[PDB]
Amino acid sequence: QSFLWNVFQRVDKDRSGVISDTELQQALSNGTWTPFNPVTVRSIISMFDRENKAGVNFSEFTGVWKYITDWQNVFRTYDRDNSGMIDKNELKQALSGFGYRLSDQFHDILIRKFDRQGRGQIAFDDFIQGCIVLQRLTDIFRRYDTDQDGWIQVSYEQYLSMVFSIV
């Protein structure tokens, strides 16, 4: 815990015992010399903050640290030329490793939706956000696919509630 405590003290710049969105963003590198995607930061804090305080305490931060390190290790695996972005094939391999079953064309769609750099590849911070969204959307789809055939049938109002649950 000593290592993690030392890291926590450095990130918690106001020394309040709660790391904010701004503090976490400032402590994170996306490997492209631009500020770490604040939407990704918001997602991560929101997932690990158990008390609706717009931040993480030390115990929650240990979760954040492991989460971010785990994502780093995935991205490091697949960014084969260490360019700071992964291409459609590298992304394909990454997501297939997770068990996703997606067509070649979908990988282009995902890159376009989340790549803030406008290069047709995806940087680390944007990759986490895309994956978070993909996981949430896939969890929701799994709930409605009652016979596991890769299709859902939903009414207008089921659909509205489905979209509202994203969130």
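Here the rigid core means the biggest group of C-alpha atoms that line up within 1.5 Å when the two forms are laid on top of each other. Residue numbers here begin at 1 and follow the sequence given.
J.: Comparing 17-25 with 151-159, which has C-alphas lying farther from the shown form in 6 other deposited structures of this protein once the core is aligned?
T.: Higher average C-alpha offset in 6 other deposited structures of this protein goes to 151-159.
J.: Between 138-146 and 94-102, point out the one with the higher average CA B-factor as the PDB entry records it.
T.: Mean C-alpha B-factor is greater for 94-102.
J.: On average, which has the higher Cα B-factor in the deposited entry, 32-40 or 57-65?
T.: Between 32-40 and 57-65, it is 57-65.
J.: Where does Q121 sit by CA temperature factor within its chain: lowest, middle or highest third?
T.: Within its chain, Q121 is a middle-third residue by C-alpha B-factor, going by the deposited values.
J.: Quick check on the deposited entry: does the C-alpha B-factor of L110 sit in the lowest, middle or highest third of its chain?
T.: Middle third of the chain for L110's C-alpha B-factor.
J.: If you rank the chain by CA B-factor, which third does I132 end up in: lowest, middle or highest?
T.: Lowest third.
J.: Looking at the C-alpha B-factor of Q72, is it in the lowest, middle or highest third of its chain?
T.: Bottom third by C-alpha B-factor.
J.: Considering only modelled residues of the same chain, in which third does the CA B-factor of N82 rank: lowest, middle or highest?
T.: Ranked within chain, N82 CA B lands in the lowest tercile.
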